[PDB]
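# give me the fold of what follows.
(chains A, B, C, D, E, F, G, H, I and J)
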Amino acid sequence: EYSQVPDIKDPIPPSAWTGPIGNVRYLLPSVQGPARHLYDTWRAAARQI
Amino acid sequence: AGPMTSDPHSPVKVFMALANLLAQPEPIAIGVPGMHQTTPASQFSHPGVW
Amino acid sequence: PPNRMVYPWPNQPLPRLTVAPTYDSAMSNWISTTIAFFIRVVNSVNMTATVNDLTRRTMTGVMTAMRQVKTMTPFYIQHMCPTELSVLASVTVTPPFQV
Amino acid sequence: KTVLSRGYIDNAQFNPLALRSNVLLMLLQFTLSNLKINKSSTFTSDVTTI
Amino acid sequence: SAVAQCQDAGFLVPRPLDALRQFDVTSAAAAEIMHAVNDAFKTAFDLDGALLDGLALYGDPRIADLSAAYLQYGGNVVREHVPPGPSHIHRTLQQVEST
Amino acid sequence: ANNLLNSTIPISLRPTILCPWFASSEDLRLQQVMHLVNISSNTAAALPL
Amino acid sequence: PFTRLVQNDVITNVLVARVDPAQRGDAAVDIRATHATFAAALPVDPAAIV
Amino acid sequence: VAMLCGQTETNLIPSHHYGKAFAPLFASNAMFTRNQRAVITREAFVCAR
Amino acid sequence: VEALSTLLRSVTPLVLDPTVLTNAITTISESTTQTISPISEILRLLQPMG
Amino acid sequence: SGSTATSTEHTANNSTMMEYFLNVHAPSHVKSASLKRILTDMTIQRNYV
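Numbers count the residues shown, from 1 in each chain, chains lettered A, B, ... in the order given. The coordinates are given below.
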């Protein structure tokens, strides 16, 4: 079961990230698509929290 | 709680909130067409709809 | 007429690429007026059924942002594209067919 | 070669058409590099023949 | 000042170096110049946060100017201007250029 | 402090002091406007304030 | 400014501009077409206020 | 989108760029073959008619 | 039309890049479950078409 | 994902991707005009659990 890894058909390019913040990288505004949607949704919820 | 907010439209929203409940016994006139006394009060967010 | 070609937009020679030709083009005028028009549309009283104040400002901010951003496309249309069309028509195997 | 030069001209060349801008930027750095204070220091008399 | 001097008679700045050639005046060049200045100041004074950024948001510093206003439903406008105050370095730079 | 915490200074010679800590309103006005330019004008800007 | 029940004085927009409209030739245009707009609102609860 | 995003290059000299780009276009001979084929078309048409 | 369009794209100095436009718009909008229908078309517009 | 504590994360991501698919990806990509007509005017809060 755990020997499986998902296969992404369009990975996020490395150039789509900002500089590091120690461990994490923020997502560049110019990037669109479902990932952008996911990023905004979680970010908005984080703000409310 | 009306006055405590900074929204300019709050007084109208307050006024319409009661007007919704009294649409049956006490009717009044609504200026712009397409809006009725039973319209949700929170929609009155435009200076031209007072 | 022979050795002639018609064009949907007005055309002028290629000037120095300074600020004034960047924003005076007819296409730019078309964009500016159009967005200006839709702005007073979305702010019309009739949109209240769906557009609260927050949305109203949000839509307004989007439109004005679209209007403000620089683009060289209108300049290219008015001062550079006709040159490219003129030369290309002289070498393509099928000459232009116009009304 | 501060601007308008990097991916456009050879290492050995300079851009004659962007001279005014590059000169201006160079002078700017010259200006900023000298924003200091001329603090004093120890003075002494000279006891030599000079 | 720097962006204006590279242009032809931009704004109302003195132009001591005008004898020198500067062919390209496109908005791209202006953006590059503004970034150069912005980096220079950040380096010289060891600044940390965003400084002078966002002016290139629309991507044409050649017409950059600050202003604020608010509008009333009655049609009245305020249109407050925010011009910069007098500066020392700017005046100093002119002497350097003249020299 | 609205004249609370009233305080005063001694009266004696202070030869070589220098406290470059001030600016005109125009500077403040300019900085305030600049600050408003470098934000996303949605709620994300207002909330921290 | 805090306006109060004056319909003609309701502030609909707070605006800011990054560029001079006179350069663009926008001198005669609606202000909203030339300046950016702020848009932020906070949904408070009446019960806590009361 | 194309109407609104019209970026241009940094060191753009219209004379250089156009001349460089147009020079290959005149290496073709299709312009002449077109004329020849048209001439043959005429003679074929007249005789056929 | 195809051949002519390919030639034009291969010969023009114009460059199409929807970067600055995206940056400007994203300062206003946000892709969240609230305020999605108002901006759905905008997201379609900014979607990378290739 | 050993107990109900994982259902929250997966349900959140599940909803997010579905919403983006309905409102953005599908209309931009589907062909049938009738499908577009019915696919629009549809949202997760009243069409998906």
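# what residues does chain D have near chain C?
Taking C-beta under 8 Å from any C-beta of the partner chain, no part of chain D reaches chain C. Using the backbone N, CA and C atoms, a C-beta is placed for each residue, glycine as well.
# now the helices for chain D?
Here chain D has its helices, by DSSP state H, at D:19-32.
# can you list the residues of it near chain E?
Applying C-beta under 8 Å from any C-beta, we find that chain D lies next to chain E at D:2-4, D:16-21, D:23-25, D:27-33, D:35.
# helices of chain J, start to end?
Using DSSP H, the helices assigned to chain J run over residues J:7-20, J:26-29, J:33-39.
# nearest to chain H, out of the ones you listed?
Closest approach to chain H among these is made by helix J:26-29 (13.2 Å; C-beta to the nearest C-beta).
# got the buried residues for the closest one?
Neighbour-count burial for helix J:26-29 flags residue J:27 (criterion: 16 or more other C-beta atoms under 10 Å in any protein chain shown).
# could you confirm whether that helix reaches chain I?
Yes: legend: contact between helix J:26-29 and chain I by C-beta under 8 Å from any C-beta is shown at J:27-28.
# which neighbouring elements make contact with that helix?
For helix J:26-29, the helices and strands in contact under the criterion 3 or more C-beta pairs under 8 Å, 6 or more residues apart in numbering or on different chains; DSSP states H and E are helix J:33-39.
# report the buried members of the residues of chain D next to chain E.
D:2-4, D:18-21, D:24-25, D:27-28, D:31-32.
# quick one, what contacts residue E:5?
Contacts of residue E:5 were listed using C-beta atoms under 8 Å, 6 or more residues apart in numbering or on different chains, and they are D:20, D:24, E:13, E:15, E:17-18.
# which one among these gets closest to chain F?
Looking across those and measuring by C-beta to the nearest C-beta, the closest to chain F is residue E:13, at 17.9 Å.
# the closest one is in what secondary structure piece?
Counting by DSSP states H and E, no helix or strand carries residue E:13.
# counting neighbours, what do you get for the closest residue to it other than its chain neighbours?
Counting by C-beta to C-beta, 6 or more residues apart in numbering or on different chains, residue E:13 lies nearest to residue E:4, which is 4.5 Å off, once chain neighbours are set aside. Per other C-beta atoms under 10 Å in any protein chain shown, the neighbour tally for residue E:4 reads 17.
# give the contact list for residue E:4.
By C-beta under 8 Å, 6+ apart, the contact list for residue E:4 reads E:10-11, E:13.
# let me have those in a markdown table, adding distance to residue J:22 and neighbour count as columns.
A markdown table is the format used below for the contacts of residue E:4 (distance: C-beta to C-beta, whole Å; neighbours: other C-beta atoms under 10 Å in any protein chain shown):
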| residue | distance to residue J:22 | neighbour count |
| --- | --- | --- |
| E:10 | 50 | 19 |
| E:11 | 51 | 15 |
| E:13 | 55 | 15 |
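# quick one: which of those residues is nearest chain D?
Nearest to chain D among these, counting by C-beta to the nearest C-beta, is residue E:13 at 11.6 Å.
# wait, that closest one touches residue E:1, no?
Yes: Residue E:13 is in contact with residue E:1 according to C-beta atoms under 8 Å; the separation is 5.2 Å.
# chain J contacts on chain I?
Within chain I, the positions adjacent to chain J are I:31, I:33, I:36-37, I:40, I:43-44, I:47 by C-beta under 8 Å from any C-beta.
# ok and the residue in chain A nearest chain J?
Proximity to chain J, evaluated over chain A using C-beta to the nearest C-beta, is greatest for residue A:37 at 4.3 Å.
# quick check on residue A:25: phi, psi?
phi -130, psi 130 (degrees, to the nearest 10).
# the helices in chain E, which residues?
For chain E, the helices defined by DSSP H occupy E:2-6, E:27-45, E:88-98.
# out of these, which is the most enclosed?
Highest mean neighbour count of these: helix E:2-6, a mean of 21 (counted as mean count of other C-beta atoms under 10 Å in any protein chain shown).
# ok, back up a step: in PyMOL, select just the buried ones from the residues of chain I next to chain J.
Of those, the buried ones go into a single PyMOL selection, burial set by 16+ other C-beta under 10 Å:
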select buried, chain I and resi 31+33+36+40+43+47
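# ok, which pair from the residues of chain I next to chain J is furthest apart?
The distance between the two most remote of the residues of chain I next to chain J (C-beta to C-beta) is 18.3 Å, for I:33 and I:47.
# I figured residue A:38 hits residue J:17, correct?
Yes: proximity of residue A:38 to residue J:17 meets the contact threshold set by C-beta under 8 Å, at 7.3 Å.
# downstream of the lengthiest strand in chain G, the next helix or strand is which one?
The residue-count maximum for a strand in chain G (DSSP state E) belongs to strand G:11-19. Next along the chain after strand G:11-19, taking DSSP H and E as the criterion, comes helix G:21-24.
# no further queries at this time; thank you.
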